[PDB]
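Okay, so here's the structure we're looking at.
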Amino acid sequence: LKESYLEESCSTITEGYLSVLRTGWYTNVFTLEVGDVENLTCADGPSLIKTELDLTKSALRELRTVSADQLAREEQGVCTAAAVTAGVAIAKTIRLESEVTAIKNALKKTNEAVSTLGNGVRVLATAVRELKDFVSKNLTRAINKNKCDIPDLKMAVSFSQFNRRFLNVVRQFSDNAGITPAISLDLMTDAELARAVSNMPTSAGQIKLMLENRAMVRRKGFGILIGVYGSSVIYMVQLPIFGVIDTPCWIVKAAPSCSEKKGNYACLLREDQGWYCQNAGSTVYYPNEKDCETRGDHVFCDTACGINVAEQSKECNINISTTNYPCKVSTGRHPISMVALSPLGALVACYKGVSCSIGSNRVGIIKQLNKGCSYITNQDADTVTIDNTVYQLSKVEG
Amino acid sequence: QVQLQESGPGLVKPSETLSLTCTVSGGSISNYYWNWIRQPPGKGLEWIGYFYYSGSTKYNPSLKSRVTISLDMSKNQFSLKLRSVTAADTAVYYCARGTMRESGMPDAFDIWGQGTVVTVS
Amino acid sequence: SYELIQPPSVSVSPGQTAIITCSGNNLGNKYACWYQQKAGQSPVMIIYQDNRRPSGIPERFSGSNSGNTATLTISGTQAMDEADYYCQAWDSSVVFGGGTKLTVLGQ
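Protein chains in written order, with the working numbering: chain B, 8 to 405; chain V, 21 to 141; chain A, 3 to 109.
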């Protein structure tokens, strides 16, 4: 929210952004039931809702096919992909031997119960048990003697009410071959994401932030298919865990440094251009700039791609050939005119005799710029016009 | 208590080289900015330059070619040397301690000295 | 270069909240800190980063930063302080404010 100009290196630093760092994963195990429609009074009489049960049967068939084909590829964010391997590994342990049998026994009366694992990692298990409450209790005697769909008019519509979830989730799993990079509203719904995150191994600090940004919590969580066991669907979903909630963080945006006299445009050029954050008194650097997303003030980051840089690297802001920490900066004359879109302003460097000036879109081209790097903010100007490539500036103020 | 003590001459003839020295008791570590602040009569504070623990100098841009700031870490002290001193440079000189890493890195002056008066005649 | 311009005198009745404006050009974009210098003695820091308070300063010493004016607020002023409150905002030159003389009216 507060940017300063580093005229020594033609760089800007913005220092008003807190951060939230992801640390772990909170596994949840889902157990949905499809009822008893595998073989229940089909016969051969065409009807309207009979064409809805065969859809459920085909959903079961495709859910079995995709589950069988899931264990065929296992023949021995990019930085977040290291977590996909862990999610695959944890699913393999649960799906084998009789761990599911113990899991199923754990929820034989209660829809929610925390269950352990063979490796001791705590895992949460949930069961909906809603479809069986209608297909077995409110549908069994209605369809009798194969005389289908005639002695009712309201329950015909209500059958599609308790059918959307299974169809949607089986379509998703068949399309994505088991791995779902997004937690859709079909797999997990509301009252199962404020309840299945409030049992995470963290403190009261980050849980409130997760409850407020459940949207991006969904955005960063992925699920996998465990398998089909009898008339039941088994699958699990991974939830991100945020270790810290509020640590100082800042951005660095670089550009060509300067020019030199006697017609020799020879200066330096920084290639730092990232974010920094602190975890345990040791600032960590993300080598890429497309690694974190700003949501107001806070910054959301994952502690699986950042690089820890040794302290005393603090004085990369002062570039006087410092001896303590050699900041990694590329060398080369190679003048390239460019404009760096800084958050609260703009950084401009044009050298090769190209006209550069600012424009507020109402006063016109006023205050023509100079050859050297100058700082233009989004209040003294609104655009930085070069040729016909007018650049806009953000409306956020700080 | 990382106290500051500034000492030196007190009377410099014009067109000579004033010298001063601030001695720190409690650690001149590579964690604080060591800067000189002067206040001419009329009570307007002016900043001359700061000294970081490594070679890192940055002076007031109306006062370059005249000010030199060095380090004497062996005795835990740092000095200064003006040049072409004139009657306009009669001021009380302070040596102060600055923290780091909350604004660009440079941040505000945590503790100051006691102030030695320097007169030119 | 740049110059932080602030009023040179502020008269405050005892027990009433005091506000000292420090009008820079592009302020709020950069961090601003304040100082307190009683007569004779060397100055001592009061506020830094516009909201913080380093060590031992009484709670009735707060600041803000909005638009182009950073304001120092003294809630319930007393006769104990009549110092010279300067600003500071690093623009590669450490521009200082012109100084503001609080007057609690003495008696």
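Idealized CB from N, CA, C, for every residue including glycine.
query	result
Opening and closing residue of the alpha helix (DSSP H) in which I343/B lies	Segment: none, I343/B is in no alpha helix (DSSP H) and carries neither H nor E.
Closer than 9 Å to chain B by CB, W92/A	yes
Euclidean distance between Cα positions of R54/A and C256/B	17 Å
Bridge partner(s) assigned by DSSP for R29/B	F249/B, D309/B
Segment limits, beta strand (DSSP E) that includes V138/V	136-140
Inter-residue spacing [alpha-carbon to alpha-carbon] between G125/B and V36/B	15 Å
Contacts of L25/B in chain A (Cβ-Cβ under 8 Å)	Near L25/B there are no residues of chain A at all, since even the closest Cβ is about 14 Å away, more than 8 Å.
Nearest-angstrom Cα separation, counted from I365/B out to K374/B	7 Å
According to DSSP, residues forming a beta bridge with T105/A	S13/A
Contact with chain V by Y87/A, beta-carbon distance below 9 Å	no
Identity of the residue in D279/B, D298/B, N315/B nearest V291/B by Cα	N315/B
Delimiting residues of the alpha helix (DSSP H) encompassing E219/B	211-219
Whole runs of the beta strand (DSSP E) within the stretch 70-134 of chain V, excluding any shorter than 3 residues	77-79, 88-91, 97-101, 111-118, 129-131
Range covered by the alpha helix (DSSP H) that runs through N183/B	171-183
Any C-beta of chain B under 9 Å from that of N31/A	yes
Length of the line joining the Cα atoms of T77/V and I325/B	9 Å
Three-state class that DSSP yields for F63/A in the structure shown	coil
Contacting residues, own chain, Cβ-Cβ under 6 Å from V306/B (five flanking each side not counted)	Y24, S26, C256, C299
Beta-carbon neighbours of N28/A, restricted to chain B and to distances below 8 Å	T384, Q386, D387
Reduced DSSP secondary structure (H/G/I, E/B, other) of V316/B	coil
Residue-chain proximity (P255/B, chain V), Cβ-Cβ < 9 Å	yes
Minimum Cβ-Cβ distance from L351/B to chain D less than 9 Å	Absence of chain D from the displayed structure is noted, the protein chains being B, V and A.
Sequence-distant residues of its chain with Cβ nearer than 7 Å to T384/B (five each side left out)	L351, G352
Under 7 Å by beta carbon: chain A residues contacting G133/V	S44
Segments of 4+ residues assigned as alpha helix (DSSP H) that fall wholly inside the stretch 18-99 of chain B	57-77
Within-9 Å CB hit, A111/V to chain A	no
For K374/B, the three-state DSSP class (helix, strand or coil)	strand
Residue of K32/A, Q109/A, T102/A minimising C-alpha distance to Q39/A	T102/A
Per-residue burial, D92/V [other beta carbons within 10 Å of its own, 16 or more giving buried]	exposed
Nonlocal neighbours in the same chain, by C-beta distance under 6 Å from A347/B, ignoring five residues either side	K260, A262, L354
Member of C265/B, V403/B, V336/B, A189/B whose CA lies at the smallest distance from the CA of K359/B	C265/B
Straight-line gap, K154/B to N46/B (C-alpha atoms, nearest Å)	16 Å
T34/B and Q245/B closer than 9 Å at C-beta	yes
Inter-residue spacing [alpha-carbon to alpha-carbon] between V44/V and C334/B	30 Å
Residues near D193/B by beta carbon distance below 8 Å, same chain, minus five either side	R171, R172, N175, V176, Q179
Residues that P263/B bridges to, as DSSP identifies them	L276/B
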